[PDB]
Amino acid sequence: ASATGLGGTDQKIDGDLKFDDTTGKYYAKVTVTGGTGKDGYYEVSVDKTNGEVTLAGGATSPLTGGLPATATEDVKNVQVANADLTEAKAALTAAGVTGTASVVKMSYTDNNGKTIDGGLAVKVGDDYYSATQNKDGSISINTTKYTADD
């Protein structure tokens, strides 16, 4: 729907999509006919809950500057904000419990005051599952394998 509303015959992005945390807004690429360098990623906002194309401020004219400098480097890195917690919610739904999830650290309140990281153990119930923070920050599900009666 966004591609159709933006105009043109086709606007689907080829290859991997580009996300940058500093920008905070999606990139839309529109092909240009009879020009070189005119095609560049523009900053757009997509609302998933709304489900329809809405234009804020009535800005029909494209952003000036010719080729935009904010979108010039291709990066293959894929990261999403911590508020998403897609894998955590999926694991919770697999367990069947939904609610506010709390993270803890393998520490002790004593004379020494220990502090050892316990990863992204952001769990709802008092039984705090151990979810492992990865090298790139990905939350990983470490569930021990057991052979049941089957």
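Residues numbered from 1 in each chain as written, not as in the entry; some residues may be left out. Part of a larger assembly, values for the part shown. Heavy atoms only, no water.

Method of determination, as annotated in the archive: cryo-EM, at 3.27 Å resolution.

J.: Whenever I open this one, the side chain of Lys 123 confuses me. Can you help?
T.: Among the secondary structure elements, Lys 123 is positioned in the loop between α2 (86–95) and β3 (131–133). The buried charged residue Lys 123 lacks any salt bridge, with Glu 87 as its nearest oppositely charged partner at 9.0 Å. Setting aside its immediate chain neighbours within four residues, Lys 123 contacts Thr 100, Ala 101, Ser 102, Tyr 128, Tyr 129 and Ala 131. (Helix = DSSP H or I, 4+ residues; strand = E, 2+ residues; numbered from the N terminus. Buried < 20%, exposed > 50% of the residue type's maximum accessible area, 1.4 Å probe, protein only. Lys, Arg positive; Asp, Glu negative; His and termini not counted. Salt bridge = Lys/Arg side-chain N within 4 Å of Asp/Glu carboxyl O. Contact = heavy atoms within 4.5 Å.)

J.: Would you mind showing me how to read the packing of aromatic side chains here?
T.: When we look at a pair of aromatic rings, we describe it by the centre distance and by the angle of the planes. Scanning all chains against the criterion turns up two aromatic pairs. Look at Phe 19 and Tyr 26: their rings are 6.2 Å apart centre to centre, the planes differ by 25 degrees, and that puts the pair in the stacked class. Ring centres of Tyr 27 and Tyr 41 lie 6.1 Å apart, and the angle between their planes is 40 degrees; on these two criteria the pair is classed as tilted. Residue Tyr 27 is found in strand β1 (residues 26–29), and its partner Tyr 41 is found in strand β2 (residues 41–44); the two are separated by 14 residues along the sequence. Taking the relative accessible area as the measure of exposure, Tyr 27 reaches 6% and is therefore buried. (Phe/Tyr/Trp six-rings, centres within 6.5 Å; stacked < 30°, edge-to-face > 60°.)

J.: Would you explain empty space enclosed by the protein in this entry?
T.: To find leftover empty space, a probe the size of one water molecule is rolled over the atoms. The tally for this structure, following the rule as stated, stands at three cavities of 30 Å³ or more. Considering only enclosed or pocket space, the largest cavity measures out at about 90 Å³ in volume. Taken together, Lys 18, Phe 19, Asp 20, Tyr 27, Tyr 41, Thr 70, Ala 71, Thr 72, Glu 73 and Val 75 make up the full set of residues lining the largest cavity. Of the residues that constitute the lining of the largest cavity, the class distribution is five nonpolar, two polar and three charged. In this structure, the second largest cavity encloses a volume near 50 Å³. Taken together, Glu 87, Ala 88, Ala 91, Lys 123, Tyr 129, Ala 131, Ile 139, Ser 140 and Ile 141 make up the full set of residues lining the second largest cavity. For the lining of the second largest cavity, the secondary structure elements donating two or more residues are α2 and β4 (139–141). Residues that form the lining of the second largest cavity fall into these classes: six nonpolar, one polar and two charged. (1 Å grid on protein atoms, 1.4 Å probe; cavity = no way out; pocket = protein on both sides within 12 Å on 5 of 7 lines; lining within 4 Å. Points joined across faces, edges and corners; volume = space filled by probe spheres on them. Nonpolar A, V, L, I, M, F, W, Y, C, P; charged D, E, K, R; others polar.)

J.: I'm lost on the layout of surface pockets in this one. Help?
T.: Here the largest pocket is characterised by a volume of approximately 1,400 Å³. If you go around the largest pocket, you meet 38 residues; those closest to its centre are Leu 6, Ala 28, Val 44, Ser 45 and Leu 55. What the second largest pocket holds in volume is close to 420 Å³. Along the wall of the second largest pocket there are 15 residues; nearest its centre are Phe 19, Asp 20, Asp 21, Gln 79 and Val 80. For the lining of the second largest pocket, the per-class residue count stands at six nonpolar, four polar and five charged.

J.: Would you explain unusual backbone geometry in this entry?
T.: Negative phi values dominate among residues other than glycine, just as trans dominates among peptide bonds. Of note, the phi angle at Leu 85 is positive, near 55 degrees, even though the residue is not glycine. Examined against the element boundaries, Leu 85 turns out to sit in the loop between β2 and α2. You can call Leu 85 partly exposed: its relative accessible area is 25%.

J.: Even after reading the chapter, I still don't get a negative patch on the surface, so can you show me in this structure?
T.: On the surface, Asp 16, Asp 20, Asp 21, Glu 73 and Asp 74 cluster together into a patch of negative charge. Assignment of secondary structure puts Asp 20 in the loop between α1 (2–6) and β1. Owing to a relative accessible area of 33%, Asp 20 belongs among the partly exposed residues under this scheme. (Patch = residues over 30% accessible without salt bridge, like charges linked within 9 Å, V, L, I, M, F, W, Y side chains within 5 Å. Areas by Shrake-Rupley, 256 points an atom, 1.4 Å probe, with all protein chains shown as cover. Charge placed at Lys NZ, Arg CZ, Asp CG, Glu CD.)

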